[PDB]
Structures are given as structure tokens and as C-alpha cells.
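A.B. asks:
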Amino acid sequence: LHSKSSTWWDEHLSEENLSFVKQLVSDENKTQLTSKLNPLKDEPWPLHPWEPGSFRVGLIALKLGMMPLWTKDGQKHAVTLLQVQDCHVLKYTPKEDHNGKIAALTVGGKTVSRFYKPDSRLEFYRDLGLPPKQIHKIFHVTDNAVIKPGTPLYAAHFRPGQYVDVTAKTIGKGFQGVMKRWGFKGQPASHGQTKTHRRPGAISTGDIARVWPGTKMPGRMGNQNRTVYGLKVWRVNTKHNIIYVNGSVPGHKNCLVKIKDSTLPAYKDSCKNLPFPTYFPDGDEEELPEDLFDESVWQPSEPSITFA
Amino acid sequence: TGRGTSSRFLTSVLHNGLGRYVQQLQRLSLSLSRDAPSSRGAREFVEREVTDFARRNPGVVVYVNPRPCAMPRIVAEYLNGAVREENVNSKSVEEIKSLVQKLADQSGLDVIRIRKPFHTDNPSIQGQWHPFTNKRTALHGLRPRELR
Amino acid sequence: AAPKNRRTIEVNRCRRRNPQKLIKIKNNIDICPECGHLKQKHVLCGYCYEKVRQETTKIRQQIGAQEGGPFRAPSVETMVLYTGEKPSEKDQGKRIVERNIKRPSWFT
Amino acid sequence: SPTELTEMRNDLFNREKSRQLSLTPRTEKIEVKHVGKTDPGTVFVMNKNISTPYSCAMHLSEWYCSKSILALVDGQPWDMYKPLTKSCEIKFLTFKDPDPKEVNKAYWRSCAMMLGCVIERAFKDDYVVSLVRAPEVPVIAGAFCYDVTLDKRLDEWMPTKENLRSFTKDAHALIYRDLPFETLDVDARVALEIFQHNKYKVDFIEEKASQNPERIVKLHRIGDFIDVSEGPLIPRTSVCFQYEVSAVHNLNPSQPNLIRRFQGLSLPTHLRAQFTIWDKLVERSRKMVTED
Amino acid sequence: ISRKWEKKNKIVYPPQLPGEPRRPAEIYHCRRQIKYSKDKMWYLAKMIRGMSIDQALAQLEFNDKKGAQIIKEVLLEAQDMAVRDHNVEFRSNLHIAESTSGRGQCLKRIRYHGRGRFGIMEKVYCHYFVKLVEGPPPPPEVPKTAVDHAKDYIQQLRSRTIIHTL
Amino acid sequence: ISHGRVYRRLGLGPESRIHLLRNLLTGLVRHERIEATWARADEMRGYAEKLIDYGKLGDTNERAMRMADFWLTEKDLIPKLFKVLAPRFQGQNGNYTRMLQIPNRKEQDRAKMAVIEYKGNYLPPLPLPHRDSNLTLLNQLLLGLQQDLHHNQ
RNA sequence: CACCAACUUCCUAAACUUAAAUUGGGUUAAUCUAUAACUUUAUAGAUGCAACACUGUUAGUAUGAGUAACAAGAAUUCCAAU
Ligand SMILES: [Mg+2]
Ligand SMILES: [Mg+2]
Ligand SMILES: [Mg+2]
Ligand SMILES: [Mg+2]
Ligand SMILES: [Mg+2]
Ligand SMILES: [Mg+2]
Ligand SMILES: [Mg+2]
Ligand SMILES: [Mg+2]
Ligand SMILES: [Mg+2]
Ligand SMILES: [Mg+2]
Ligand SMILES: [Mg+2]
Ligand SMILES: [Mg+2]
Ligand SMILES: [Mg+2]
Ligand SMILES: [Zn+2]
Numbered sequence: 041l042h043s044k045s046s047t048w049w050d051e052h053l054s055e056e057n058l059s060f061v062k063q064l065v066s067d068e069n070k071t072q073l074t075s076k077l078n079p080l081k082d083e084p085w086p087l088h089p090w091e092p093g094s095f096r097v098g099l100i101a102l103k104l105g106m107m108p109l110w111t112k113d114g115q116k117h118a119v120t121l122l123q124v125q126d127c128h129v130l131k132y133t134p135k136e137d138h139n140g141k142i143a144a145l146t147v148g149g150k151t152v153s154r155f156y157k158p159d160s161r162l163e164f165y166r167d168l169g170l171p172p173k174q175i176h177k178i179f180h181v182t183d184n185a186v187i188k189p190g191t192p193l194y195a196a197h198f199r200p201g202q203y204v205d206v207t208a209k210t211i212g213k214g215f216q217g218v219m220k221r222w223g224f225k226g227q228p229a230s231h232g233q234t235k236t237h238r239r240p241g242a243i244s245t246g247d248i249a250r251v252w253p254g255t256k257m258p259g260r261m262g263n264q265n266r267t268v269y270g271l272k273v274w275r276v277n278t279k280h281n282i283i284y285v286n287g288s289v290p291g292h293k294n295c296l297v298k299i300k301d302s303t304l305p306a307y308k309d310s311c312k313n314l315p316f317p318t319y320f321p322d323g324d325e326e327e328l329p330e331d332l333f334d335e336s337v338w339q340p341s342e343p344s345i346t347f348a
Numbered sequence: 002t003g004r005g006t007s008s009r010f011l012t013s014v015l016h017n018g019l020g021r022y023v024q025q026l027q028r029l030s031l032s033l034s035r036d037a038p039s040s041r042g043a044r045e046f047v048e049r050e051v052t053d054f055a056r057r058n059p060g061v062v063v064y065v066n067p068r069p070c071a072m073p074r075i076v077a078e079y080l081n082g083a084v085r086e087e088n089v090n091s092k093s094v095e096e097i098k099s100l101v102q103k104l105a106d107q108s109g110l111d112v113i114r115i116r117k118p119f120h121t122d123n124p125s126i127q128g129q130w131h132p133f134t135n136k137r138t139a140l141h142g143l144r145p146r147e148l149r
Numbered sequence: 078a079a080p081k082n083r084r085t086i087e088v089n090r091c092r093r094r095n096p097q098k099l100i101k102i103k104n105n106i107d108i109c110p111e112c113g114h115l116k117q118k119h120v121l122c123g124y125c126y127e128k129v130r131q132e133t134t135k136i137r138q139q140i141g142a143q144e145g146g147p148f149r150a151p152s153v154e155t156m157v158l159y160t161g162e163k164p165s166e167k168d169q170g171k172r173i174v175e176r177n178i179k180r181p182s183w184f185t
Numbered sequence: 033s034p035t036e037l038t039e040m041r042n043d044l045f046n047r048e049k050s051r052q053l054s055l056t057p058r059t060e061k062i063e064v065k066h067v068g069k070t071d072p073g074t075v076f077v078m079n080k081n082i083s084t085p086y087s088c089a090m091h092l093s094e095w096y097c098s099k100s101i102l103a104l105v106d107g108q109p110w111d112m113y114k115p116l117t118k119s120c121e122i123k124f125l126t127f128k129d130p131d132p133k134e135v136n137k138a139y140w141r142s143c144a145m146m147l148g149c150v151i152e153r154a155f156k157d158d159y160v161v162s163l164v165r166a167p168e169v170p171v172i173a174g175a176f177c178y179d180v181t182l183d184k185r186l187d188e189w190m191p192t193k194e195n196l197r198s199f200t201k202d203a204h205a206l207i208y209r210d211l212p213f214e215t216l217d218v219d220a221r222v223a224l225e226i227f228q229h230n231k232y233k234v235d236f237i238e239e240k241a242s243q244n245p246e247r248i249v250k251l252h253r254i255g256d257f258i259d260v261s262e263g264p265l266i267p268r269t270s271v272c273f274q275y276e277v278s279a280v281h282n283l284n285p286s287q288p289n290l291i292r293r294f295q296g297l298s299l300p301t302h303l304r305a306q307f308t309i310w311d312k313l314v315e316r317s318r319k320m321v322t323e324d
Numbered sequence: 041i042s043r044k045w046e047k048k049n050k051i052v053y054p055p056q057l058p059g060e061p062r063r064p065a066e067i068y069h070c071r072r073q074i075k076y077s078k079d080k081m082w083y084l085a086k087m088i089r090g091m092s093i094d095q096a097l098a099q100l101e102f103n104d105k106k107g108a109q110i111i112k113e114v115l116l117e118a119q120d121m122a123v124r125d126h127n128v129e130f131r132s133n134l135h136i137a138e139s140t141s142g143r144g145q146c147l148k149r150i151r152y153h154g155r156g157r158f159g160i161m162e163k164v165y166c167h168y169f170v171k172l173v174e175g176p177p178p179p180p181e182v183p184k185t186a187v188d189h190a191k192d193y194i195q196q197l198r199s200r201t202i203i204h205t206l
Numbered sequence: 009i010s011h012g013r014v015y016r017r018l019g020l021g022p023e024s025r026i027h028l029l030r031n032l033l034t035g036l037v038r039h040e041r042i043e044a045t046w047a048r049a050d051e052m053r054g055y056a057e058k059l060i061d062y063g064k065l066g067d068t069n070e071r072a073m074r075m076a077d078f079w080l081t082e083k084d085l086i087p088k089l090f091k092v093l094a095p096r097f098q099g100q101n102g103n104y105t106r107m108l109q110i111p112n113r114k115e116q117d118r119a120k121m122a123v124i125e126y127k128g129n130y131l132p133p134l135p136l137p138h139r140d141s142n143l144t145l146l147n148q149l150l151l152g153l154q155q156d157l158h159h160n161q
């Protein structure tokens, strides 16, 4: 009719084209990714030296899961696995326009399909010459540590030893009661409690004739951006770009996170030893081993630990 | 009732006093009954007052149409086209005479709240006040803090 | 808890005419190529589907008459033949359902 | 001045239409039967030389008007807005038909015609733009090509990317205006008068008139623009949704007169294409495609 | 009871002069005493407003509400009595100009309750009216542009006068 | 709080949910084309395919025979499942059942419906969706691109 | 070294000097009758003679609210069916 119509990519494609289209797109992604595989040989920006007060960029990783880990003291440390996947810097804002004192870089990861994205997002990525990324995030970076847009990022950006901070959306638990959401004690089950077991108590004071804003009430829990600080990096797998981060990281498994250099006072100047802008394998300055370990970590295949 | 009613500005019909004053009342029509107590007062008006009024105002055509009637009615027509009818039921000659004289003097303009007592087409002779009046200029018209 | 005041038609007209309470228009309606009746894109055409089911009922009725009992389902393959058609050699040893009408165009 | 050329041609077009309509007196009912699969057996009584295939769709439903592009009169493709002449059979062809060969060609010629209109009025009045013709290229060619001759003063100038972008904006403006195509059958004598100035158009008119036993010629008007049409065209410009002038390539064997092939792509509202698919097809069109 | 929507279908206008614009047709159809709520019926009536009759006969068919079928029937009676008895040339040259539902005569019954108590139940009916006007649907409302918004503000300021003075 | 819980909640409880699916499955295994509310038809679809897996194992296997009894209320259908349904699907490794959404029910309940069948059934073919032919405008343009690319490759 | 500020007072036209149980006075809406008038009027005679309020009575319609609540085991060859 003479009205607006709903359509999708597959609506019109024929049988033969359906497979061809799903194949042509896959070919283009490989070519685009390869084009950016050499940052240092693609007119890199000047690589200024590190000085005190510098802040680096951070990666976006996928949370594979958890596994156990042991140190040479014999203690077991629960550690989580974070995979860096197609982490490419996207946009570079300047100090003044960013509205902050520091500059800001956007770091996207986890390439996704192109068939179910708004036209605006596809156009922006086409200009950048990279496949679209699932998530965008902003990293506050000093002018010295700026990296040119489109520079691929890898797990070698981090090294064993450095304390790192991870932030991601927490698992969404839906609308929940006051007991579970805020740990309210609740009311007894027996002795006459009639229809009051998990309900909130007295909302507020009677005289004020109102409820204070911000009161703890039943509502949706989870699905909120949260950050964990001071998480040591136990090991770095160069081949699969897997970083081993101590303890628990927010979000469900396969949830994208925002790994970044720790902001705690003790970790103020831990970036000096590590690669200042980032690590460029294409530079081939040094060939790193597949697995990087920390001194305390007990590597597998070593002799069994003896507490002499 | 001011917010509950319409309003207008002071106005005339055709600039009545600029040139020659023209009488606005155009026509008065009075219907009477030969034998009716209510119209008795109006019958006295026709006997004596109507003749004097007709000569005094020669621009008001007067129609008297005695008919078998229950209420005597006076219909006033003005030059702007406005009509006005007032019931004269059981009114003495004194009341009618005073009532008719009001009709002749009034104009067809609506009797509603007049917003302002006065009207002028040229309120200002020396020029309507604007912000730049009484403001001194500066050499070369330099705005404050302009270096030039 | 009981109302403390009657709610005015203006307030009522604000609640029941809110965009959240209106019928959202459907943009997925189309015209079936074969019959021309209306269908949703992600759904089958009722008019065309009704033809298939009506034929299915007739075929199933014929099967019921032949079997004549509850527990009479044949292990061997089933097949349906219409007037003017004879079983092929490859169709030997297959139950045959006979239909008086001619072979429908959609049926192959 | 070019404005004068448009006015006289427009006036000639109106006069030709007026005589044809005046030539037909009274209303004579003609029987036309629906031969399509769905809604079969319907019979419309229509007015001879006045009724159009669009009217036939109007009786049936709004769907036919919206989704029908061409109609098969007695096995021949006819424009939806072209008036009927005699009793016949009518079948409506949508884009999604199993055999859309006729529909594709109609859309193909249509898009390249709108392309020609954009070009002539896009140039500045100082320069001289003349339209020679557009070769019939199979849809598999990957784009529709209109050949345009240019003034010698432009022989050293090739449009940049910005110039190409400007043409599409004008093309989209024509699409947004939603100007229906006007279908007219014109005898060669009148056709030559409307396009006497353009020698190439005159030669094309001669070829068309020679082909048919009579001197009948096909003239299509898109608003102000008037040009000869190889085949039936789309009823409206709004039928196009995606449009793009891929590139323009100078013809290498153009020693006597320089000619530039203007190549573009368009897709109808029905068969819209995703963003990624659109780009790849757009890139292919930039490659110059010869006529076989 | 007052059946005036039925009579309006019988109005006869005087013949037109040779150059007068062709008057668009109007049709007046309705159904009374429908076993449905007038409040529930309004949502269906409101939906179709300002649409064609082959665009309002498609949205209705895929609605789950009971009234959708009822409205569809009176949108097909209207579509037939327009072509036969009101001289509408094309079935697909109509559009729903007006459509609304009105209260009907109801019945009073007793809804029982739990302590020897009760309440008054009303079995609800309604009417549904539609007008169809020959012609494509009037083009939709165009939102005011930023320039238009700015112009009104200037026009508002230009009208300013010095208040409470000569 | 029901994340990763594949099953639905149907019937009067867990056991009832198993007994309603046994009836749709037996009807399917008997008629080969059965209708039900989209939710319940989709719930069975996993159970419908797994019967063929057990049928493929063969009559001799004790586990297949035992399973084919609990999941086939009528006992004249176990011979059919093993000797006609299973031979048909030996070539295939999946996609035993075809499920499509029939329009909503015209009952005043207006529930979403679906028709589930077994592939290769003798009943008249369902009106399946048809994708546009390669000759259509958009389709033809892509084919031209494929040819060009194939030459380039 | 003052201005603003209340019908206090003045001024053009007028007016003739202070919450409520109670107390005196002049008129009026509706209807009937007498006698008239004759598009709805007059002088008299009369009376079931004037309602924003009694958890007033009767009828109608809102609000709460399209809310609380209400109901039919599955498939088919199908509702005096398997
Ligand atoms: Mg407890
Ligand atoms: Mg309890
Ligand atoms: Mg009782
Ligand atoms: Mg009630
Ligand atoms: Mg959950
Ligand atoms: Mg789930
Ligand atoms: Mg005083
Ligand atoms: Mg009383
Ligand atoms: Mg009262
Ligand atoms: Mg009361
Ligand atoms: Mg209500
Ligand atoms: Mg409520
Ligand atoms: Mg409930
Ligand atoms: Zn169909």
C-alpha cells in the first residue's frame, strides 16, 4: 500500500545470493582487518617518551570464564580469563573539545555483524575502515600517550605484575524485593506474622508526612555499570590475547569489560616500566613468548612445590 | 464579568467630529394598541411628544404602526447597521421620552467594556521614546572596550 | 484504600488516551502472491493454508475408512493417488489412498 | 536560450495531447477482462482512449495501484498511465514476479531517463550540454549508462567526487518531487519538430519511425523534461528510493565529438538494499561497462 | 434514542455549474446496540481515523480485539453502499474521514457478593459511526520546523504594545 | 531468575508438562502434521527429533525400545517409528521436523498457533515461504557482481 | 531633610455615614379564577406559590475502573464422535 514498509537484509535476497552475501561480507572483514595490521608502517603519530604523571589507554576484553591458579607459596588464587578481540582505537578527541582536562580516546572491540546496525553506525565505521565493534568506551589519556585512530590493540599492552582495574555491567537480576536487593532482615515466618515475611518495615518517620528521596525500596537489581579496583595481572597469553586477572570481574561470562591501568595511589606510577603508548607486534622490536608469568606464579610442568 | 465578557477600544463610526457631525440614530419604530392598559403610557407619547421629537431630530425616520398588540416595542436602527429593541410595556410618557432621547444620542457601537478612555492616531509629536534616545554617542561610535 | 476524590474527565482523558495505551499500527502486512489475500510476512496465508488443511481432512477421512479400527496404523509407507494415476514400480508395497477428485495443482 | 527550448517543446507536447483527446468524441465502452492469477475473471467496462490501466487497478484495490508497475495488454507491456485503445486482457506485473524481465527493463530505462534530466539542468548556462542517447544494457551490466556530449571547453575538465555528489542530490530532488511520467505516442513529423535542434535525437527519431510500419514514436515527459523512450517506463519517480551516479567516463573513440558516458544505479522502494550491499553494488557501477 | 446519522445519508445538493470543482462524496454508516464497551471500541475507531479503506481494512484484520471484526463489517457495508447508491467510481478512492463509538441502551442486572451483599451490574452496549469521503487520505501533519518555531517567537514580540498608556 | 532454564512451565506441574507433550508427540508420530499453540508445539519440537535418534539406533537396542514405549501412548506406533520414520531419516542427521506459524486462532481465545510436521510426509505440501527468483532486479544485480568477482578470483 | 503608603478626606457625577438572633417597612418570580387584552400583556380575587445543602425520597448518570474477580485436559478422521 501507500504507507511505510518494514524490511530486513534477507527479505529480498534469493537462495544463491543468500550464501554469496553471507560470504562476501566475510571476505571484506578479513581484508579490512589486515589493512590495519601494521600500525608503525602506516604514518604513526610521534612516540613521545614517558614522564611522571602519564596515563595510558586501556583495552576492552571478553570474559571467557574462570579457572584456578597457584603460586610458588602453594596458595590457590581464583583468577578470571579476559580475551582481547579486535580492540582498535576508533576516535581521538582533543583536550579542549573533550570538556575534560585530559584528552580522550575511544576503544572498541568484539567485531559484530553488519546486517542489524543503524545506517549511521555503519557509515562511521566505513570511514574508519574497520569492521563494526560491539561496544564503545572512552579512556582518559594524556597528550603524550595519544595513539592514532585505527591502531589495533593487543593483550601485550599489559604485562604480568601490573595491577589493573576492570569495569562492566553487572548481571541483571530483575525486579527484586527489599530483602534480596538490600539485605533487609525481614519478618519471622511463624508466631502470628500474617502476610508479612519479606516486606519492608516502616518507610520513614511519621511526622515528616513524606518519604525521603533515595529510600531503599523494591526495584530492579543488577545490570548496572560497576568497577573493580586493584586486580593483579597474573599471566598474559600472547597467542590468544588472554590476560589472567585476580579474583572476580563484574558481568556474566562472555560479557565485554573495560580493562584499564589501576588508579589506586599505590599503582600511580606502574605504567613507566610497561610499553608507554602500547605494544606494536608489527614493529617486531622483540619477539615475546607465548605465555608471560609473574615471579611468584608457579608455572605448570615445573617441579612439584616443596616447602623446604 | 470583565474576563467573562468581550471588550473593545474607544471608536467612532466615520470620524464623526472631524468634519460634520452626522446623527447616528437612523430609524425608530413603535407599535401600539388602541385598547390596551399596558400601552396607555405610549399612547400619550404619540399624542404629544412624538411630533416634537420628529422635528427636533430630522435625520431619524419615525414609524408608528398601531396594531393589536400585547407589548409595545421600540426598534432603533443606527447607521452602522446595528439594531436595538427595548420593551416599553407599561411605561409612562416620562419614561419613554427619557428612554428615546438616550437612543438618539447613542451610536451603534457595542455597549461593552471599553479598554481605554482615550484614542489617538498620533499619540506622539516629538517622537515615540526608543531605547537609544537620551543616550550619548561616542567619537567614531566606539562601543565599550573596542580598541579600534 | 479508597479514593479520596472523584477523578475528573480531563485527568481520565489524560490516562486512557496516552500513547502507551493506544493500538500500535502493523507494518508487516502484505499480499499473498497466489490468492491475493492479506498475510503477515512471518506468518502463513490463512486462505492458502485452509486449502491444504481441507484437502488433508479429506485424505485423512479416506484413510480412516480403509483402516476401520483404532490400532491399525500400517508400518509400511503411505501414499495418496488421485483418479487417472496408477502406482509405479518404485511405489510397490505402499499403502494407497484413493481420491475421486483430480490431482490438485499444489499437490505434486 | 535553453529556457526557450523547454517552453516550445512543452507547448508542442500539450498541443499533441490536446488534438488526440479532442480527436476522440463521446465515450465508447470497451470490454477488458482480468487475466491475472488472483482476482480472476473480473471484467471492467472502460472508456476508450480515456481510461488507463491505473484505473483498472483502482477498481480492484489499493494494493494493485501501489505494487503494480506495468501491465500486459494482450501479451504486450504497456505503461500504467498510458490510455487504453481497444478491448484486451490486462495482467499487472509487480517487481517480485517470477519473470520480471519486462518490469526490470521498464525500471532500467526509467532511471537512465531521470539521469538525463538531471545532467542537462545541472550544468551552468555558460556551458553547452547535449544528450545523444543511452545504450540498452542488460541489467547484469551492473549500472545504467547515459551518454552525454559536452562542449569543447569542457574537454579538459572531468567532474570530481563533489560534482558527482551534486548530481545525486538533484536526482533525489526529482525523486522527492514525485513527478509521474507522461506517456505519449507521437508521429515522426511532430517528434522531429520537438527535437529538431538535436541532430542525434533527430537521427534516433528516424530509426524509431523506420522500425514501425507507420511513423509512430514514443515520447515520455518527466515534468518539464521531454525525451524519446525506448520502452514503457515507471509511472512515478517516487518508485525509486536509492539513487546514485557512480561515475562518468569519457568515450575513448570520440575524436569527432567528445561524449561522456554517465553511469548510475537506482533501486525501487520495493527492492530496497541494505547499507553494505548497496556499497558493493555502487562500487561495481563505477567500472565502465561497454554495450554489447 | 435519536437516529440522525441515518438521515444524513439522504441529503440532496443542487446541481453544479459547468466549472465548479467536483464535490467529494460522503457516506454515513453505523451499527447500533453492539455488545461491546464504548470505551473499548474507541481504541479501534481511533486507530483507523485518517486512513484509506484498503489501508484500514488491513490493519483491522490482524487485530485480536472482538470489535475489529465488527468495525470491519461496517467498513465493508460502507464500501459497498458507496459504489452502488452514492455514485463512487472506484472502491479504492475512499478514506475514513470520521469514526467514533457512542453509548447504547444498557441492561441492569445483579452481580452477587460474599456476605449477602451485592452490586449493580450493567450489561454494556454501544454504537459505532463512520464517515467515508471520496479521495486519497489528506497528507499527514508536518511538524513545525525550527525556522517556523523561531518565526512565531519574533511574531509574538512584534505584536508587543506599550500597555496601560496612551 | 530463569536464565538458562531451557524448559517451560506447562500443565499442572512438572509431571503434567511431560504428559501433555507425550500426547502431541503421539499425535505427530501418528498423523505427521499436528497443530498446537506455538509455545507448546515449540516445546515438543526438541522431543520430536530425539525420537528419531532413538529410532535410528534400531529395534534391537533395549534403551531405544524402552524409550519408544514411554513416549508413544498408543502402542501401534512403535512399529511405525522404527520401520518407516527411522529409515526415511537415515540419510539426514538433523532437521527432522518443520515448524511454521499459522495465523492466530479464530476462537475468541486468539492464541498464537503453529503447525509442526515431519519432513517427507505424504500429506499435501504446506504453503512454505518462497524467496524471490534470481531474475528479480535486486537478485539479478548481485549475480552480475558474483560473475565479475568470480572472473577476478 | 523628603518620597511611597488605606473611599480616611478631597475632586467630575453622586451620596447623606458602621458583625448577626431578633423587629418594621416597599416590591417581585410562577399558576389558577373574574373582566379584559390577543406573539403573551392589565387591575383585582386566590394558593399544594420560588431549594447550591436535612448520611432527604425516586429516576438517571459518573468516579474508583475497563480495575477486583469470573472460565473450557490434548490430538484427530472431530459436538448424540475415535
Ligand atoms: Mg528469617
Ligand atoms: Mg505467612
Ligand atoms: Mg446467600
Ligand atoms: Mg459501578
Ligand atoms: Mg532473570
Ligand atoms: Mg529463557
Ligand atoms: Mg468614606
Ligand atoms: Mg412548595
Ligand atoms: Mg434541586
Ligand atoms: Mg438533598
Ligand atoms: Mg466507568
Ligand atoms: Mg488502579
Ligand atoms: Mg486478576
Ligand atoms: Zn494466500
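Heads up: the protein sequence lines correspond to chains E, b, 0, 7, T and O, in order.
Numbering of the first sequence is given in PDB author numbering, commencing with residue 41 and proceeding in unit increments.
Numbering of the second sequence is given in PDB author numbering, commencing with residue 2 and proceeding in unit increments.
Numbering of the third sequence is given in PDB author numbering, commencing with residue 78 and proceeding in unit increments.
Numbering of the fourth sequence is given in PDB author numbering, commencing with residue 33 and proceeding in unit increments.
Numbering of the fifth sequence is given in PDB author numbering, commencing with residue 41 and proceeding in unit increments.
Numbering of the sixth sequence is given in PDB author numbering, commencing with residue 9 and proceeding in unit increments.
Ideal placement from N, C-alpha and C gives every residue a C-beta, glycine not left out.
(1) Measuring alpha carbon to alpha carbon, tell me which of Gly154 (chain T), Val128 (chain T) and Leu84 (chain T) ends up nearest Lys101 (chain 0).
(2) Report whether the distance from the Cβ of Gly113 (chain 0) to the nearest heavy atom of ligand 14 is below 8 Å.
(3) So, for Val161 (chain 7): in the same chain, excluding its five sequence neighbours on each side, which residues have a beta-carbon less than 7 Å away from its beta-carbon?
(4) Determine the extent of the beta strand (DSSP E) in which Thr71 (chain E) is found, giving its start and end residues.
(5) Would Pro147 (chain 0) and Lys88 (chain O) be called neighbours here (beta carbons separated by less than 9 Å)?
(6) Taking 8 Å as the line, does the beta carbon of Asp247 (chain E) fall inside it for any heavy atom of ligand 11?
(7) Find out if the Cβ-Cβ distance for the pair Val297 (chain E), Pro200 (chain E) is shorter than 9 Å.
(8) Suppose contacts are defined by Cβ-Cβ distances below 9 Å. Is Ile74 (chain T) in contact with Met81 (chain T) by that definition?
(9) Enumerate in chain order the residues of its own chain whose CB-to-CB distance from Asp125 (chain T) is below 8 Å, with the five nearest sequence positions on each side excluded.
(10) Any Cβ of chain O within less than 9 Å of the Cβ of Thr155 (chain 0)?
(11) Decide if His69 (chain T) is buried, meaning its Cβ has at least 16 other Cβ atoms within 10 Å, or exposed.
(12) What three-state label does DSSP hand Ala229 (chain E) in the structure shown?
(13) Within 8 Å: the Cβ of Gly287 (chain E) and any heavy atom of ligand 1?
(14) Taking 8 Å as the line, does the beta carbon of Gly159 (chain T) fall inside it for any heavy atom of ligand 3?
(15) Between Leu271 (chain E) and chain T, is any beta-carbon pair separated by less than 9 Å?
(16) Taking C-beta pairs closer than 7 Å, name the residues in chain E that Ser98 (chain 7) reaches, listed in chain order.
C.D. replies: In terms of the structure at hand:
(1) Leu84 (chain T)
(2) yes
(3) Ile151, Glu152, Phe155, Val180 and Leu182
(4) Per DSSP, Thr71 (chain E) belongs to no beta strand (DSSP E); it is in the alpha helix (DSSP H), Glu55 to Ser75.
(5) no
(6) Not under cutoff, so the answer is no.
(7) The beta carbons of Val297 (chain E) and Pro200 (chain E) sit no closer together than 9 Å.
(8) yes
(9) Taken in chain order, the list of residues that qualify is empty.
(10) At least one chain O Cβ lies under 9 Å of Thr155 (chain 0).
(11) buried
(12) coil
(13) no
(14) no
(15) no
(16) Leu41 and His42
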